[PDB]
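Protein chains in written order, with PDB author numbering: chain Ai, 4 to 102; chain AE, 88 to 172; chain AC, 36 to 167; chain Ao, 88 to 163, 201 to 234, 240 to 260; chain AJ, 52 to 189; chain AN, 28 to 128; chain Ah, 311 to 387; chain Ak, 51 to 244.
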Amino acid sequence: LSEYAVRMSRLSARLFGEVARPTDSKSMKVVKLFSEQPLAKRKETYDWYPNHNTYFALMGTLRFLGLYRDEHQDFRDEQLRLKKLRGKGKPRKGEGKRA
Amino acid sequence: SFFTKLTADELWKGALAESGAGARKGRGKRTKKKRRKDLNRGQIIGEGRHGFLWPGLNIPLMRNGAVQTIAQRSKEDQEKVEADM
Amino acid sequence: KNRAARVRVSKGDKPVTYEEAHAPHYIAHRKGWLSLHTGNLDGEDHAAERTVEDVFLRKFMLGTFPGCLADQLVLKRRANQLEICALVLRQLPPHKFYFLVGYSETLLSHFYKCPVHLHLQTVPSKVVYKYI
Amino acid sequence: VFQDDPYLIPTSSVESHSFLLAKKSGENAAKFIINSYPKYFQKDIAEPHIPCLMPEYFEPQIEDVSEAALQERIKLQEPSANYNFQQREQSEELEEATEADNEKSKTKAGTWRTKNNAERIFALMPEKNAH
Amino acid sequence: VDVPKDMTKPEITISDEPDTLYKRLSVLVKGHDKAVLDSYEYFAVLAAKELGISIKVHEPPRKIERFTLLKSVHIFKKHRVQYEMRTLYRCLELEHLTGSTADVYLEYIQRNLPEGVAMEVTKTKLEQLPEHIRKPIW
Amino acid sequence: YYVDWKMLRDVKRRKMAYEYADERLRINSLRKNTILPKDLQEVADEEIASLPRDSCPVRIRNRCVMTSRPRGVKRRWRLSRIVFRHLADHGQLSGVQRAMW
Amino acid sequence: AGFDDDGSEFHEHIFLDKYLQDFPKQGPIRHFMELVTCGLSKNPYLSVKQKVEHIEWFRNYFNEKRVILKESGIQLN
Amino acid sequence: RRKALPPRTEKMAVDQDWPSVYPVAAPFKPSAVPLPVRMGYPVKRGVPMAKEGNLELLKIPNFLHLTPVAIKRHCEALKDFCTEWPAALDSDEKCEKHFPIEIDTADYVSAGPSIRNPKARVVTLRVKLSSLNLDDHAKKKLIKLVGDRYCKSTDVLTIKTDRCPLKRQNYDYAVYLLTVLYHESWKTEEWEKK
RNA sequence: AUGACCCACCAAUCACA
RNA sequence: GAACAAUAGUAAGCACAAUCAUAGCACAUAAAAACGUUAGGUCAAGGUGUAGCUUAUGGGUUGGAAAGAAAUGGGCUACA
Ligand SMILES: [Mg+2]
Ligand SMILES: [Mg+2]
Ligand SMILES: [Mg+2]
Ligand SMILES: [Mg+2]
Ligand SMILES: [Mg+2]
Ligand SMILES: [Mg+2]
Ligand SMILES: [Mg+2]
Ligand SMILES: [Mg+2]
Ligand SMILES: [Mg+2]
Ligand SMILES: [Mg+2]
Ligand SMILES: [Mg+2]
Ligand SMILES: [Mg+2]
Ligand SMILES: [Mg+2]
Ligand SMILES: [Mg+2]
Ligand SMILES: [Mg+2]
Ligand SMILES: [Mg+2]
């Protein structure tokens, strides 16, 4: 190691746009922090889920508009219909416990 | 919750429980009976309870030699339709 | 026993498509893929998105064409455009068929923000590979 | 334009007409759904961002302000006249450009209402002839 | 019998600018199944021999990614299912090309890319020297 | 509807953590540095701990996209192994196949 | 295709010295902010605008607390 | 009312040009294709399934638009857009003697809604040091300044540029880095005597 | 060497006017 | 419900077999393995029948979930 080598390195670092003045291994973490995309900002993170409300609501509307046909919801429907016919329904809110 | 749904065949196969182990050894009684009903039986393409009329599906494409516009039935008309179904 | 994606042997009367007649160990050997896209290749991205798209497409197409859908969908993705190829029973008058062709193509083009092509191949009844 | 299979292929001229007309009526249905409920189609994916696949807004962007709602509802015919009537009730002056656009809308959309709209065009504003 | 008359109207302009030179152009097609990459290599080589682009083709070693999942919904850990993804490669190496020929060939080729394959283009382009470096010294 | 309430809570977490990402990054720049004085980093510590609890990235869970399953997920498809296998075994995942060697 | 990044050129990305103009020149804040600046220098995912808004947040936060800086044992501007 | 029309294969002339039928990339409708083709696994007595209703032929990418006749025609229509390659450059020696600098740039195509590939930024700069005007001192000072980016056996210097959003910004920054390396290799300073 | 008791086959469809 | 110097058995189908994979054969390995058996395992992957809750068996926030008397399984490191 020489002073010539240290000057050469300070020059290469100042030139290529890397960190100029000597730093701790611990402080370089801030360089790393702003050199990257923070985790919570990545499309693999905030965009992870598809929007389930858009799909559900849209296909629900399209079903009511008679375009899309949902057999699963049809099943649920007829089952519930027969269930309220049988005499066991869903209690109107507030009625069930005390009565 | 849309992706959480299934085919009608799968749902009936599930609810009927014909393929179970109770059916084979006669581990359950014959007086207990439940059946499968088609839920697509009385439905027509384009029909919904919102009441829309689509040129290619619900209603004929051309009325009086012209092209029918997308339209919606009256409230009471839909009441009578649902009564019929 | 392996139950995965299997059509169990019936009394011998059961009509079966070429598709359903082959278990998971026969993919890439006898039967091919029902979807084609780049995202599952070695160096490539957004497999997840293409998958969710795929699922919604199957569900949607099944609900939009009730009862006339013959075989499982074929989804080809080429340079931002998706061609949906479908085998369809002859049920509806061609009026309804075209109505839904246009309606679907438009709707999914506007939903997924890319050009959507829809190719219908009509068949008299379910093509039978086995039993029956 | 038509589907390639032997079942959906048009046999006669009337069939060609009914088929294509049906396809268009379907596209119309789809677009109707898009514009009735835009928020469902809002989320964007495509990188080049095609502006053509976005839902359309046929509502006025401002309500009580005259100088916006006039032109806004004119671009959209009767809502334009309700707008011009809401601007004329507030004693807001309609310039040479305003009812030249409302005029171009009286010619593009629309015999008594023509005479009345013409009277409002000439009497209120001294419109330059060229419009 | 029925021939449309005067069917051709191409539009090409020549700018005075010195069109970019490409020393070498590598086109790497990744695929799943081999046969598609074979017919695509045939198609690409033919399309290059028709434009006189003088290309070589070789096959980069295939990559198979394997991974393991549980076979059972709930609990048997002794039992697994193993899945593969096979990526196969074709490398079309074209030499001594110009910018226009490069954009035409790459357009034609990229339009006809099959749905299940992907493509990576490495262009090494020729530039003489930058201005401030030519023979000044500071 | 997101398939579960859990899935809902995680969607909210990803929205909040996306919103405060800048604040957290900027403050933890001060906090992760030796060069600055300790008197600054103590106040910066109280600043980043002041931030809403649900905005920090370590509270986010990768869940199955369709089925909401909290683990046994293949990150590349964002899918539970079960759902994944279901899709793959029907030939619906391009390039995926059973492994024989 | 479709994205030019505001017609910006690399010097508006690489060299941020221009926004370090108002800051104490010989202090530890120069160490800190030269590290911050180098990090933003290496950053592909941000525009010029956003990097500038980072620098300015730090300007405003450091200029927010003069008290703790003076008391710290180093007089800072 | 049920309508069944005989396939296109009936009206198809024997010598009819094929690229007319399949101009673009197509799904393979079996009605529009004249050739009997049996694909699918056979059954013990039976044969492979016919082309009608066959889903497996639908799954296959078909090169039917690319039939060699169509490639001849297409490429003969593309002969107009292509510009010639300079004669004297035929050998790599003259390529190096004339153009010293190679700029490597990567372009990626993948199917889907978005075009954006993060790998497309990177621009590589390979420059031979024998094609540069450098002094002995300037060359040794350059070698020591760049370090790892220089190959001592092949004398090829490499500048890999990443840090900026666009490949043009990275191209400019690579060229600029080269320029400043050359300008700052010729400068002798105080500590160089140390 | 020992190992409560109890376990099993006695009902018929779909589709159309 | 078989006797091959043959005495009542023909049988499509599914398994086994064969092919396919592990980049040439071969071997090996992988994969495959019907119908059924153990009311085997899983309503907490998800979906569901039946029966239950609905100002609560539902939805949030904050903080807590300790521990080793003992017994034992599978491992890691050893006793050189
Ligand atoms: Mg649940
Ligand atoms: Mg975690
Ligand atoms: Mg005893
Ligand atoms: Mg006993
Ligand atoms: Mg017998
Ligand atoms: Mg037999
Ligand atoms: Mg073999
Ligand atoms: Mg063997
Ligand atoms: Mg095995
Ligand atoms: Mg076997
Ligand atoms: Mg049990
Ligand atoms: Mg249990
Ligand atoms: Mg449950
Ligand atoms: Mg808690
Ligand atoms: Mg122990
Ligand atoms: Mg163990």
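We put the beta carbon where it would ideally sit given N, CA and C, even for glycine.
Those residues of the segment 188–217 of chain Ak placed with their C-beta closer than 8 Å to a C-beta in chain Ah are 212, 213, 214, 215 and 216, ordered along the chain. For a Cβ distance threshold of 9 Å, nothing in chain Ai lies close to residue 64/AN: the least Cβ distance comes to about 13 Å.
Annotated three-state conformation of residue 185/Ak is coil, per DSSP. For residue 378/Ah, the residues of chain AN that pass the 7 Å Cβ criterion are 66, 67 and 70, in the order they occur in the chain. Shown in chain order are the members of the segment 162–173 of chain Ak whose Cβ falls below 8 Å from a Cβ of chain Ao: 163, 164, 165 and 166. Chain-ordered, the chain Ai residues with CB closer than 8 Å to the CB of residue 351/Ah read 20. The beta carbon of residue 81/AC sits no closer than 9 Å to any beta carbon of chain AE.
At least one beta carbon of chain AC lies nearer than 9 Å to the beta carbon of residue 105/Ao. With fewer than three CB-CB distances shorter than 8 Å, the segment 63–83 of chain AC does not count as touching the segment 67–74 of chain AJ. DSSP places residue 109/AJ in no alpha helix (DSSP H) but in the uninterrupted beta strand (DSSP E) bounded by 106–109. Listed as beta-bridge partners of residue 81/AJ by DSSP are 140/AJ and 169/AJ.
When distances are taken from the beta-carbon of residue 154/AE to the heavy atoms of ligand 2, even the shortest one reaches 8 Å or more. Residue 86/Ak is outside the set of residues whose beta carbon lies under 9 Å from a beta carbon in chain AC. Annotation: Cβ neighbours of residue 58/Ai in chain AC (cutoff 8 Å, chain order): 91. At a cut-off of 9 Å between beta-carbon atoms, residue 10/Ai makes contact with chain Ak.
In this structure, the beta-carbon distance from residue 115/AJ to residue 138/AJ falls below 9 Å. Residues are counted here when their Cβ sits less than 7 Å from a Cβ of chain AC; for the segment 71–90 of chain Ai these are 71, 72 and 73, given in chain order.
At a C-beta separation below 7 Å, residue 132/AE has no neighbours in chain Ao, since its nearest C-beta there lies roughly 12 Å away.
Below the 8 Å Cβ cutoff, chain Ak contributes 163, 164, 165 and 166 as neighbours of residue 134/Ao, in chain order. Of the residues assessed, residue 152/AE falls on the exposed side of the cut-off, its CB having fewer than 16 other CB atoms within 10 angstroms.
A direct Cα-Cα distance of roughly 37 Å separates residue 152/Ak from residue 115/Ak. Between residue 159/AE and residue 138/AE, the CB-CB gap stays under 9 Å. Residue 85/AN has its CB nearer than 8 Å to a heavy atom of ligand 2. Under the DSSP assignment, residue 154/Ak falls in the beta strand (DSSP E) whose first and last residues are 151–159. In the three-state reduction of the DSSP assignment, residue 116/AJ falls in the strand class.
For residue 109/Ao, at least one C-beta of chain AE is nearer than 9 Å to its own C-beta. Contact of residue 144/AE with chain AC by beta-carbon distance below 7 Å involves 131 and 134. Here residue 215/Ak is buried, its C-beta having at least 16 other C-beta atoms within 10 Å. Only 108, 109, 110 and 111 from the segment 108–123 of chain Ak bring a Cβ to less than 8 Å from some Cβ of chain AC. Interface annotation for the segment 106–117 of chain AC against chain AJ: 111, 112, 113 and 114, criterion Cβ-Cβ distance under 7 Å. No Cβ of chain AN is located within less than 9 Å of the beta carbon of residue 113/AJ. With respect to residue 72/AN, residue 44/AN sits apart: the two C-beta atoms are not nearer than 9 Å. If you draw a straight line from the Cα of residue 129/AE to the Cα of residue 65/AC, it comes to about 40 Å. Under the 9 Å criterion on CB atoms, residue 52/Ak is classed as non-interfacial with respect to chain AJ. When 9 Å is used as the limit between beta carbons, residue 56/Ak is near these residues of chain Ao: 93, in chain order. The beta carbon of residue 45/Ai sits no closer than 8 Å to any heavy atom of ligand 2.
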